[PDB]
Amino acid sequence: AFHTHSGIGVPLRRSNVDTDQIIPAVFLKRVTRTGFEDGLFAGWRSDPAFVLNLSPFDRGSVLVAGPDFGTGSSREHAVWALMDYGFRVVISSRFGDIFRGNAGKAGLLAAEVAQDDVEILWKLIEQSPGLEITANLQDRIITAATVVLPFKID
């Protein structure tokens, strides 16, 4: 039951991020009493330069990603891993269909935004890391700094 979220935006310039990149399959069988926060993007997180390792993106809760986010006959767990880490909004110019449905059910907003608009968001948050992005479901807008960009959920 999403309604409105404001949080630190995270610029992930990766395209075709599949569900095995979001949550590698080994994590589905590794004992954990909290959730999958430590498996989220675990393959990329070993590199200190990876965006989520950078402060303040580490505490981010709005993910701004490249095209085709969550391709790969999803697992509910990919959405759940994003949420466990703290994300409540993911922005992309196109989502995997099954990921999309899972995101809605779980309360993760999958906001579809035109690629040129995604670019605007990337630049803003790269230029001022820590910049908050706000998603408003009722009005269907993403706002950040002095920009107000339209999104769809279908």
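Residues carry their position along the shown sequence, with the first being 1.
In the deposited entry, the Cα temperature factor of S46 places it in the middle third of its chain's modelled residues. When the CA B factors of the chain's modelled residues are split into thirds, the value for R33 lands in the lowest one. Sort the chain's modelled residues by C-alpha temperature factor and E132 lands in the highest third, per the entry. Ranked by Cα temperature factor within the chain, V148 sits in the lowest third according to the deposited record.
For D117, the recorded CA temperature factor ranks within the middle third of the chain's modelled residues.
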